[PDB]
Amino acid sequence: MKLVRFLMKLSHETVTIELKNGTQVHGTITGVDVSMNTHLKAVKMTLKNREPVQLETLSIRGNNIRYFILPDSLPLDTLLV
Amino acid sequence: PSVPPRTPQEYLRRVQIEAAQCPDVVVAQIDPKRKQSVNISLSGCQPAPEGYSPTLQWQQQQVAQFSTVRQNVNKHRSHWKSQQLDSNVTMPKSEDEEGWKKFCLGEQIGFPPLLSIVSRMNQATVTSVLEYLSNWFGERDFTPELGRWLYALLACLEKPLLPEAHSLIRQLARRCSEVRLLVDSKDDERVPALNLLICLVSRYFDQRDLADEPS
Amino acid sequence: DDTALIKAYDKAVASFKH
Amino acid sequence: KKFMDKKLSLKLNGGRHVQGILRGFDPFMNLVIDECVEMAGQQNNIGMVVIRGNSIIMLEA
Amino acid sequence: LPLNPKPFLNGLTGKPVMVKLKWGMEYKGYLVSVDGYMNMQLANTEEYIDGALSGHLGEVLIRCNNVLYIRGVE
Amino acid sequence: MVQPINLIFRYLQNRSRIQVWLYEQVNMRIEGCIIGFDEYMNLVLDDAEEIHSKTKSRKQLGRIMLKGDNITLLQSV
Amino acid sequence: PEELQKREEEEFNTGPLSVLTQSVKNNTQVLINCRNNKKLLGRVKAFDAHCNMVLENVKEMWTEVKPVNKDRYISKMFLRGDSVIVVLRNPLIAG
């Protein structure tokens, strides 16, 4: 239950998320629940065959995510405790 | 006890008891082996010849500067969007490799990257064009006219980039590093520009495996 | 300032002194 | 969750729909169907079957 | 005489197995190891996509939930 | 009302042959004789076959364990 | 108790998740086959029993068309177990 515990520490961090459909969603995490559902604000979505999309906020189901790209400055060793 | 179970709850109750009987994880020691398929991976960038690697302080200042450029590009996109030029600027079809190369680079002499022209460029196009220019770059010398186009098209790519875009700009930065080896004075015209593009790709666009780390 | 990219290019190529 | 013995035509995941008569259900929403038929193309018989709680996209009488 | 899933699975260790995944690909190898959740570890691994030996992967972990079925092989 | 786990037990007790309709896959079905299961509904299956739709074909696996999470629909044969 | 969670770590140190704790302990790379249909070469920094992972220095690798090799780089990443297919202990990589 320990990795998701780490995920939930990641508020006010900005990230890019690859969705299962390949969409790249860049945004700043306002919150992550226990099943990886994620809420974001200040969002920029890059999609395969079309122009990008800004949005004030957006929430994504944990189960639509492939992975989170995390800021290079994120201190992993700290946050993994 | 020793008569078959007669409901599923009983059956399962019995499996569970039998589950604890078993060791929860098991490890068979084997004895030997073989060969395994290789996974081909692309090279990083070639380090600069000694003396040609720029300082971190230059690189960061360059990045910082590039960001502002991008702030301003997008900040005024719509003004430049509505202007024109002439029969002159026909922007090739988005998929005319050959005519984009002729458009931007010429043998006429080629149109430079005016905001008036690049602000009309949608994301898939900027991507495509960059590519066209990458290709042309593998098979021709780097001119300063090429530099501007690449820098411009880089100033118009919006984040978050799609993966193919990352792959593309990385290919370009590899190519810059390779050409950089051919050079023989610091005075060479290519040097500042090639270092610049490698920087923006490695530090502005997050590919820091490709960055010139001095020393 | 329709050539303002062109200028920033030139300006950064130029920022190089090593 | 009252529908009982009352014929249903089920939509299942991966684009398949199956019609037959309900005779039971699970807390986990899994269920048993009788005298049921797969609808491809033309169709045919399967009988009494178990079906999983997920899998069902749409359920309609 | 009922053979149940965990004990069956423990029986396959040390031996040739064929694991087939939800998505069509399969893997043959020696079932070195297994755990609570039915994750698996295979050695001398071979990958088969659409019948065709597609590669030799060595030692490989297989996440439980991707497995469709496993079976013994000679 | 017969709860679906009972119907599975019935299949276990009669040692019936059954067919499985897969979750991730629609071009193939698995047929075998059930000889054990567990609470997660993973099944040990004897004399098991891959039944590809259309192509009419059948491949022999022998005795396999089939993971529960793969089950869309259970039927008999 | 909650000291029966010391099973977990003993479980992880042998057993199929050893493939990951190798990499956490010795700073080794692994090669993961991913449902996006690409491969991820990187180093496991943390993981749980569903194969959710934190990774470092990831090369995402794939091909596309005659087919060209493509890649991209990802400093740090949180990868959902569900995206994982197989994981290669000690993969073989070469230019």
# chains A, B, ... in the order shown; residues from 1 in each chain; ligands from 1
call {"tool": "residues_around", "arguments": {"residues": "residue B:195", "least_positions_apart": "6", "cutoff": "8 Å", "atoms": "only C-alpha atoms", "output": "ChimeraX atom specification"}}
result
/B:53-54,176-177
call {"tool": "write_last_selection", "arguments": {"atoms": "C-alpha atoms", "output": "PDB file, in the first residue's frame"}}
result
ATOM      1  CA  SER B  53      31.831  21.946 -24.431  1.00  0.00           C
ATOM      2  CA  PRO B  54      29.919  25.016 -23.163  1.00  0.00           C
ATOM      3  CA  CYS B 176      24.310  18.162 -34.246  1.00  0.00           C
ATOM      4  CA  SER B 177      26.743  16.368 -31.990  1.00  0.00           C
TER       5      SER B 177
END
call {"tool": "residues_around", "arguments": {"residues": "residue D:15", "least_positions_apart": "2", "cutoff": "12 Å", "atoms": "only C-alpha atoms", "output": "tab-separated table (two decimals) with N, CA, C and O atoms, in the first residue's frame"}}
result
chain	number	residue	atom	x	y	z
D	10	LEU	N	-28.53	-8.96	-22.91
D	10	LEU	CA	-27.32	-8.38	-22.30
D	10	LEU	C	-26.30	-7.95	-23.32
D	10	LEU	O	-26.06	-8.65	-24.29
D	11	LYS	N	-25.70	-6.80	-23.06
D	11	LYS	CA	-24.54	-6.37	-23.80
D	11	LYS	C	-23.30	-6.75	-22.98
D	11	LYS	O	-23.23	-6.50	-21.77
D	12	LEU	N	-22.35	-7.38	-23.64
D	12	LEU	CA	-21.13	-7.82	-22.98
D	12	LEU	C	-19.93	-7.17	-23.64
D	12	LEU	O	-20.00	-6.70	-24.78
D	13	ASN	N	-18.83	-7.17	-22.90
D	13	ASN	CA	-17.63	-6.46	-23.32
D	13	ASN	C	-17.08	-7.11	-24.58
D	13	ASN	O	-17.45	-8.24	-24.90
D	17	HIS	N	-23.51	-9.59	-27.35
D	17	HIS	CA	-24.78	-9.39	-26.66
D	17	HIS	C	-25.44	-10.76	-26.60
D	17	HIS	O	-25.34	-11.54	-27.54
D	18	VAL	N	-26.10	-11.06	-25.49
D	18	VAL	CA	-26.67	-12.39	-25.29
D	18	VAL	C	-27.99	-12.27	-24.57
D	18	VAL	O	-28.07	-11.59	-23.54
D	38	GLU	N	-26.53	-16.69	-28.10
D	38	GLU	CA	-25.52	-15.74	-28.58
D	38	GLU	C	-25.96	-15.23	-29.94
D	38	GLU	O	-26.33	-16.04	-30.80
D	39	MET	N	-25.92	-13.90	-30.13
D	39	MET	CA	-26.39	-13.21	-31.35
D	39	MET	C	-25.23	-12.54	-32.15
D	39	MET	O	-24.90	-11.38	-31.90
D	40	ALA	N	-24.68	-13.27	-33.13
D	40	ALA	CA	-23.36	-12.94	-33.76
D	40	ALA	C	-23.26	-11.59	-34.48
D	40	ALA	O	-24.09	-11.24	-35.32
D	55	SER	N	-17.80	-7.25	-17.41
D	55	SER	CA	-18.29	-7.84	-18.68
D	55	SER	C	-19.61	-7.27	-19.26
D	55	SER	O	-19.68	-7.02	-20.45
D	56	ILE	N	-20.65	-7.09	-18.43
D	56	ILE	CA	-21.94	-6.53	-18.88
D	56	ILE	C	-21.88	-4.98	-19.03
D	56	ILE	O	-21.79	-4.24	-18.04
D	57	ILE	N	-21.92	-4.52	-20.28
D	57	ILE	CA	-21.87	-3.08	-20.55
D	57	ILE	C	-23.26	-2.53	-20.26
D	57	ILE	O	-23.43	-1.69	-19.35
D	58	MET	N	-24.24	-3.08	-20.98
D	58	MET	CA	-25.64	-2.63	-20.92
D	58	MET	C	-26.53	-3.84	-20.62
D	58	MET	O	-26.28	-4.94	-21.13
F	23	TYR	N	-12.52	-12.43	-21.41
F	23	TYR	CA	-12.69	-11.00	-21.21
F	23	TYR	C	-11.89	-10.20	-22.25
F	23	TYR	O	-12.43	-9.32	-22.91
F	24	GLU	N	-10.62	-10.53	-22.40
F	24	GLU	CA	-9.72	-9.73	-23.22
F	24	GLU	C	-9.66	-10.17	-24.67
F	24	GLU	O	-8.84	-9.67	-25.42
F	25	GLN	N	-10.53	-11.07	-25.08
F	25	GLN	CA	-10.27	-11.83	-26.28
F	25	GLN	C	-11.57	-12.38	-26.76
F	25	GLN	O	-12.31	-12.96	-25.98
F	26	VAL	N	-11.86	-12.17	-28.03
F	26	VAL	CA	-13.17	-12.57	-28.57
F	26	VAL	C	-13.01	-13.57	-29.74
F	26	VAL	O	-13.96	-14.25	-30.12
F	27	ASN	N	-11.79	-13.71	-30.23
F	27	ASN	CA	-11.47	-14.64	-31.30
F	27	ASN	C	-11.20	-16.08	-30.83
F	27	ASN	O	-10.95	-16.98	-31.65
F	72	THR	N	-15.62	-14.00	-18.81
F	72	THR	CA	-16.83	-13.23	-19.19
F	72	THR	C	-18.09	-14.09	-18.96
F	72	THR	O	-19.04	-13.68	-18.26
call {"tool": "residues_around", "arguments": {"residues": "residue E:56", "least_positions_apart": "2", "cutoff": "9 Å", "atoms": "only C-alpha atoms", "output": "number ranges by chain"}}
result
B: 34-38; E: 44-47, 53-54, 58
call {"tool": "closest_atom_pairs", "arguments": {"of": "chain A", "to": "chain B", "cutoff": "12 Å", "atoms": "only C-alpha atoms", "output": "CSV"}}
result
residue,atom,partner,partner_atom,distance
A:14,CA,B:160,CA,11.4
A:15,CA,B:160,CA,9.5
A:16,CA,B:160,CA,7.1
A:17,CA,B:160,CA,9.3
A:18,CA,B:162,CA,9.5
A:19,CA,B:162,CA,11.7
A:22,CA,B:162,CA,8.5
A:23,CA,B:162,CA,7.9
A:24,CA,B:160,CA,6.4
A:25,CA,B:160,CA,6.9
A:26,CA,B:160,CA,5.7
A:27,CA,B:160,CA,9.2
A:43,CA,B:160,CA,9.8
A:44,CA,B:160,CA,7.0
A:45,CA,B:160,CA,7.0
A:46,CA,B:160,CA,6.1
A:47,CA,B:162,CA,7.5
A:48,CA,B:162,CA,7.5
A:49,CA,B:124,CA,7.5
A:50,CA,B:124,CA,7.5
A:51,CA,B:123,CA,6.2
A:52,CA,B:158,CA,8.1
A:53,CA,B:160,CA,10.6
A:54,CA,B:159,CA,11.0
A:69,CA,B:160,CA,10.8
A:70,CA,B:206,CA,11.1
A:71,CA,B:206,CA,9.5
A:72,CA,B:206,CA,8.4
A:73,CA,B:206,CA,11.5
call {"tool": "write_last_selection", "arguments": {"atoms": "C-alpha atoms", "output": "PDB file, in the first residue's frame"}}
result
ATOM      1  CA  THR A  14       3.377  19.383 -11.958  1.00  0.00           C
ATOM      2  CA  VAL A  15       3.611  16.373 -14.110  1.00  0.00           C
ATOM      3  CA  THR A  16       2.926  14.764 -17.361  1.00  0.00           C
ATOM      4  CA  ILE A  17       0.682  11.743 -17.610  1.00  0.00           C
ATOM      5  CA  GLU A  18       0.496   9.304 -20.508  1.00  0.00           C
ATOM      6  CA  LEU A  19      -3.019   8.048 -20.746  1.00  0.00           C
ATOM      7  CA  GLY A  22      -1.498   7.837 -25.739  1.00  0.00           C
ATOM      8  CA  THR A  23      -2.665  11.300 -24.737  1.00  0.00           C
ATOM      9  CA  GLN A  24      -0.085  13.356 -22.930  1.00  0.00           C
ATOM     10  CA  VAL A  25      -1.640  15.344 -20.151  1.00  0.00           C
ATOM     11  CA  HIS A  26       0.531  18.027 -18.559  1.00  0.00           C
ATOM     12  CA  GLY A  27      -0.803  19.578 -15.354  1.00  0.00           C
ATOM     13  CA  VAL A  43      -3.892  21.545 -17.822  1.00  0.00           C
ATOM     14  CA  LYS A  44      -2.484  21.188 -21.291  1.00  0.00           C
ATOM     15  CA  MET A  45      -3.407  18.073 -23.233  1.00  0.00           C
ATOM     16  CA  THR A  46      -1.472  17.022 -26.308  1.00  0.00           C
ATOM     17  CA  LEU A  47      -3.320  14.543 -28.552  1.00  0.00           C
ATOM     18  CA  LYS A  48      -2.360  12.523 -31.616  1.00  0.00           C
ATOM     19  CA  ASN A  49      -4.127  14.117 -34.537  1.00  0.00           C
ATOM     20  CA  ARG A  50      -5.177  17.573 -33.311  1.00  0.00           C
ATOM     21  CA  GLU A  51      -4.168  20.861 -31.716  1.00  0.00           C
ATOM     22  CA  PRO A  52      -3.650  20.997 -27.947  1.00  0.00           C
ATOM     23  CA  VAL A  53      -6.204  21.831 -25.283  1.00  0.00           C
ATOM     24  CA  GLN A  54      -5.953  24.048 -22.229  1.00  0.00           C
ATOM     25  CA  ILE A  69       6.328  11.539 -15.618  1.00  0.00           C
ATOM     26  CA  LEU A  70       7.582  13.348 -12.554  1.00  0.00           C
ATOM     27  CA  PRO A  71       9.657  16.461 -12.260  1.00  0.00           C
ATOM     28  CA  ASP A  72      13.354  15.981 -12.470  1.00  0.00           C
ATOM     29  CA  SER A  73      13.736  18.073  -9.287  1.00  0.00           C
TER      30      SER A  73
END
call {"tool": "residues_around", "arguments": {"residues": "residue F:6", "least_positions_apart": "3", "cutoff": "10 Å", "atoms": "only C-alpha atoms", "output": "list in words"}}
result
residues 7, 8 and 9 of chain B; 2, 3, 9, 10, 11 and 12 of chain F
